[PDB]
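For reference, the chains in residue letters:
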Amino acid sequence: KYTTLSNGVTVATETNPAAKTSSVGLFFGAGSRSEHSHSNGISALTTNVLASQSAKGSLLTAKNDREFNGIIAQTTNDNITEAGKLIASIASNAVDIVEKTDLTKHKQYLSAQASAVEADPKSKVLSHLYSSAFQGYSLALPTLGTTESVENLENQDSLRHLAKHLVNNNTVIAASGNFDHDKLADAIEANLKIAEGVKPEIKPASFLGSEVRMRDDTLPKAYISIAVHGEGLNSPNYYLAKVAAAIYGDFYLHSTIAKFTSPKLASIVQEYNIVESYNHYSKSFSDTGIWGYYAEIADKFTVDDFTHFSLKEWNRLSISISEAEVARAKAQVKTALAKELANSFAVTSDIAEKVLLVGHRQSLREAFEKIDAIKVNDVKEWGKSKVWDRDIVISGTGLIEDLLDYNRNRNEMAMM
Amino acid sequence: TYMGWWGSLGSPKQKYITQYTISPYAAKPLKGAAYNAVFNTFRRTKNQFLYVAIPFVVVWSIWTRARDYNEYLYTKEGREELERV
């Protein structure tokens, strides 16, 4: 349900009486993708400053996504309207809040988070993968910035960022839970007061096949990630890309089901226990995406074998995927989409993301209907289009001495 | 041995080094081959010339003196000197 208030801001809510808890959040787009190297991380710092304010019994949290930012006030259902007003105030007084703020503590916290994503091997691997894939454009910047640039941020830069991006045309009030939509819209209307402005142009980005290797021999495993230019939220192949990823699905060697998981790659990789774990993903941005897998290999002598087998299984995408695999992938993608949209916080985040980045959010029934329509030939056409003999982007962190050079993995993408 | 296989080539613990590269299909092949093969090749030849020239000059000077003396010996005016040897 949508209502465009005065000021032109749009309130989008997905209310459902079965919801356990309610949530409402103001998202103003312009994540890290809107920043540049000197002022990177300013969006996350500003959202943290805004979300650090008094909660009045709610739960304020920052979003800090790649392409959009926002503050979400989770709260029990009956309190939702109050939370509404809260966030409205938090954004009507955004410039005042930032001006009166001593950023030292907030910059310390943001640098701590930035180091955290630089220590969690998967976070580091995917951050480096995105940075190298879209290198040369703002999309390559971290969501939370780097520990070098954060310390160089000041209040004035945050004020400039807010003035540019916290505008009516570039903001949305998302909500979910069990409440009357009209009450929330009325409560926000009387309290939301943000400056006028045109939607900032979303900076371009183009995928560049590359490889980055942060080889740290002291780590216990090899954390690699290999991907290709995927599908952004706009593309009609969005759900098709998700299905293609799910055909290979996840895997964890020590999970009980490890010996029984459907994907052929999983059965291939227990014969010599090539890989400890992996997961295929289709990350989707506003107009571009990254489709691939992340993997952690315990045995440092089998990185090449895992990459070889995984890319061979990708080759299988455009030729020999059977109806069983496609049906399984469709069912698993539908279940995953439903899972992602259970928590009211997650539903609010998804509503904000879709409304900001694509303008319209497809209901879950529409997504199910669109996934059900996928035939095996559709998946194979997508595999030919986007996977078969296409440039790859590679990332690795530790014990990747066995990870062969770019040419070997790239040429694995087109052999039968 | 002093060189294992890919997992452990015998390199010391290596850390803090990041390697970047781009796909061959995304990179221009033979960018400055025309300019490089001339200027850089001339630079390399300039650097390595003396080491090949001084030994070559010495050896070829010895060879030239020997050859010229041999030619001189087997001539009507070299007959006496050939006989003395």
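Each chain carries its own residue count, running from 1 in the order of its written sequence; this scheme can depart from the entry numbering, and residues that have no coordinates do not appear. Here every chain gets a letter starting at A, and every ligand a number starting at 1, in the order they are written. Within a larger assembly, only the chains shown are considered here, and all values are given for them alone. Each side-chain value is worked out from all heavy atoms of the structure, with water and hydrogens disregarded. Residues with missing side-chain atoms are left out of burial classes, side-chain pairs and their counts.

- Per the deposited record, cryo-EM is how this structure was determined, to a resolution of 3.0 Å.

- Taking the PDB entry as the reference, chain B is identified by name as Ubiquinol--cytochrome-c reductase subunit 8 belonging to Candida albicans.
- The record lists its title as "Complex III2 from Candida albicans, inhibitor free".
- UniProt positions are given in the numbering used here, feature names are shortened, and annotations may be inferred rather than shown by experiment. Annotation of chain B in UniProt includes, under Function (literature references left out), the sentence "Component of the ubiquinol-cytochrome c oxidoreductase, a multisubunit transmembrane complex that is part of the mitochondrial electron transport chain which drives oxidative phosphorylation. The complex plays an important role in the uptake of multiple carbon sources present in different host niches."
- Heading Sequence similarities of the UniProt record for chain B holds this comment: "Belongs to the UQCRQ/QCR8 family."

- If you look chain A up in the PDB entry, it shows as Ubiquinol--cytochrome-c reductase subunit from Candida albicans.
- Chain A has a UniProt comment under Function (literature references left out) that states "Component of the ubiquinol-cytochrome c oxidoreductase, a multisubunit transmembrane complex that is part of the mitochondrial electron transport chain which drives oxidative phosphorylation. The complex plays an important role in the uptake of multiple carbon sources present in different host niches."
- Quoted straight from UniProt, the Subcellular location entry for chain A says "Mitochondrion inner membrane".

**Details of the interface of chain B and chain A**
Consideration 1: Opposite the 20 residues of chain B that make contact, chain A presents 22 residues.
Consideration 2: Once two parts are brought into contact, the accessible area they lose, counted with a 1.4 Å probe and summed over both, makes up the buried area. Carbon and sulfur atoms make up 52% of the area that chain B and chain A hide from each other, which totals about 1,800 Å².
Consideration 3: When a carboxyl oxygen of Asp or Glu is within 4 Å of a side-chain nitrogen of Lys or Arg, the pair counts as a salt bridge. Remark: the boundary between chain B and chain A carries 0 salt bridges.
Consideration 4: Each polar contact in these results corresponds to two N or O atoms within 3.5 Å; when the atoms are within protein, one needs to be able to donate a hydrogen and the other to accept it, and residues that are neighboring in sequence are counted only if both atoms are side-chain atoms. At the surface where chain B touches chain A, the tally comes to 8 residue pairs in polar contact.
Consideration 5: Its residues assigned to classes, the side of chain B that touches chain A shows 10 nonpolar, 8 polar and 2 charged. It only takes one pair of heavy atoms within 4.5 Å for two residues to be counted as in contact. Here the nonpolar group is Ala, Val, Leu, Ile, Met, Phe, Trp, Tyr, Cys and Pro; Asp, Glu, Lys and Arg are the charged ones; every other residue, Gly included, is treated as polar.

**Observations concerning the side chain of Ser-22 of chain A**
Residues and elements named next belong to chain A.
Consideration 1: Strands are runs of DSSP state E lasting at least two residues, helices are runs of H or I lasting at least four, and both sets are numbered from the N terminus onward. Relative to the elements of secondary structure, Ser-22 occurs in strand β3 (residues 22–30).
Consideration 2: Overall, the relative accessible area of 0% leaves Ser-22 in the buried class.
Consideration 3: When neighbours within four sequence positions are excluded, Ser-22 is seen to be in contact with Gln-74, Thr-75, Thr-76, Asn-77, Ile-80, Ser-176, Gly-177, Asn-178, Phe-179 and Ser-344. Residue burial is assigned from relative accessible area. The probe radius is 1.4 Å, only protein chains are included, and a residue is buried under 20% of its type maximum, exposed over 50%, and partly exposed in between.

**Structural notes on unusual backbone geometry**
Consideration 1: With phi around 55°, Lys-56 of chain A is a residue other than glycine that occupies positive phi space.
Consideration 2: Looking at the secondary structure, you find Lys-56 of chain A in the loop between α1 (42–51) and β4 (59–62).

**Thoughts on a negative patch on the surface**
Consideration 1: Together, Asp-180, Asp-182, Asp-186 and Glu-189 of chain A give the surface a local cluster of negative charge.
Consideration 2: Among the structural elements, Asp-182 of chain A can be located in helix α8 (residues 181–189). Like charges are joined within 9 Å and nonpolar side chains (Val, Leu, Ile, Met, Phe, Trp, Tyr) within 5 Å, but only among residues with over 30% relative accessible area and no salt bridge; these make up the patches. Residue-level accessible areas treat just the shown protein chains as cover; the underlying method is Shrake-Rupley with a 1.4 Å probe. Working convention for charge: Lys and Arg count positive, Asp and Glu count negative, and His plus the chain ends are omitted. All charge positions are set by atom: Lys at NZ, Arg at CZ, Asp at CG, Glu at CD.

**Brief notes about the sheet that holds β4 of chain A**
Residues and elements named next belong to chain A.
Consideration 1: Strand pairing follows a simple DSSP-based rule, namely that at least 2 bridges must link the two strands. Reading across from one edge, β1-β2-β6-β3-β5-β4 is the order of the 6 strands in this open sheet, with mixed pairing throughout. Among the strands making up the open sheet, the edge pair consists of β1 (2–4) and β4. The sheet shows a mean angle of 15° between the axes of neighbouring strands, taken without regard to direction.
Consideration 2: Two strands pair when backbone bridges link them, and strand β2 (residues 10–15) and strand β6 (residues 172–177) are joined in this way by 6 bridges, in the parallel orientation. Bridged to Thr-13 within β6 is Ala-175.
Consideration 3: Taken strand by strand, α8 contacts β1, β2, β3 and β6, and its axis lies near 150° from that of β2. For helices, the axis comes from a line fit to the C-alpha atoms of the stretch in contact; other axes are also lines fit to C-alpha atoms, and the angle between any two N-to-C directions lies between 0 and 180 degrees.

**What to know about helix α1 (residues 33–73) of chain B**
Consideration 1: The end-to-end C-alpha separation of α1 of chain B is 52 Å, well short of the 60 Å expected for 41 residues at 1.5 Å each.
Consideration 2: The angle between axes fitted to the seven residues ending at a residue and the seven residues starting there is what we call the bend at that residue. Along α1 of chain B, the sharpest change in direction is near 45° and occurs at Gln-48 of chain B. By definition here, a helix of n residues has an expected span of 1.5 Å times n minus one.

**Looking at the environment of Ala-336 of chain A**
Residue and element names in this part refer to chain A.
Consideration 1: Counting through the fold element by element, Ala-336 comes out in helix α12 (residues 323–340).
Consideration 2: On the basis of relative accessibility, which here comes to 33%, the residue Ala-336 falls in the partly exposed class.
Consideration 3: For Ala-336 and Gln-113, which are 223 residues apart along the polypeptide, the C-alpha to C-alpha distance reads 27 Å.

**Overview of the packing of α1 of chain A against helix α4 (residues 103–117) of chain A**
The relative placement of two packed helices is expressed as an angle between their axes plus a distance between the axes.
Residues and elements named next belong to chain A.
Consideration 1: Between α1 and α4, whose axes approach to 10 Å, the crossing angle comes to 120°. Taken together, the axis directions place α1 and α4 in an arrangement best described as oblique. In this structure, the crossing between α1 and α4 has a hand that is right-handed. Of the residues in α4, those in contact with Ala-44, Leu-45, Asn-48 and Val-49 of α1 are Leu-103, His-106, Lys-107, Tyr-109, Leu-110 and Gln-113.
Consideration 2: Partitioning the contact of α1 with α4 into residue classes produces 6 nonpolar, 3 polar and 1 charged. In these notes the angle categories are as follows: under 35 degrees is roughly parallel, over 145 is roughly antiparallel, 65 to 115 is roughly perpendicular, and the rest is oblique. Helix crossings get a hand from a simple test, with the near helix turned counterclockwise from the far one by less than a right angle marking a left-handed crossing and a clockwise turn marking a right-handed one.

**A closer look at the packing of aromatic side chains**
Residue and element names in this part refer to chain A.
Consideration 1: Centres within 6.5 Å make a pair out of two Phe, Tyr or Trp rings, where for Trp the six-membered ring is used; the pair is then stacked when the planes are under 30 degrees apart, edge-to-face when over 60, and tilted otherwise. If you walk through the whole model with that rule in mind, you get 12 aromatic pairs over all chains.
Consideration 2: Between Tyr-130 and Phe-285, the aromatic rings sit 5.7 Å apart at their centres with planes inclined by 90°, giving edge-to-face as the arrangement. Taken together, the positions of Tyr-130 in helix α5 (residues 121–133) and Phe-285 in the loop between β10 (277–284) and β11 (289–297) put the pair 155 residues apart, joining distant regions of the chain.
Consideration 3: Classification of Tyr-130 as buried rests on a relative accessible area of 8%.

**Some words on the domain arrangement of chain A**
Residue and element names in this part refer to chain A.
Consideration 1: Taken domain by domain, chain A consists of domain 1 (1–192) and domain 2 (198–416).
Consideration 2: At the interface, 51 residues of domain 1 touch 45 residues of domain 2.
Consideration 3: Together, the buried faces of domain 1 and domain 2 total about 3,800 Å²; carbon and sulfur atoms form 68% of this surface.
Consideration 4: For domain 1, the biggest contributors to the area lost against domain 2 are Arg-33, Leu-129 and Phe-134; these three give 16% of the whole.
Consideration 5: Run the count over domain 1 and domain 2 and you get 2 salt bridges.
Consideration 6: Applying the counting rule to domain 1 against domain 2 returns 14 residue pairs in polar contact.
Consideration 7: Those elements that place two or more of their residues in the side of domain 1 that touches domain 2 are β2, β3, β5 (68–75), α5, α7 (155–165) and β6.
Consideration 8: Ranked by the residues each element gives to the side of domain 1 that touches domain 2, the list is headed by α5, at 10 residues. Domain start and stop points were drawn from an automatic or database domain assignment.

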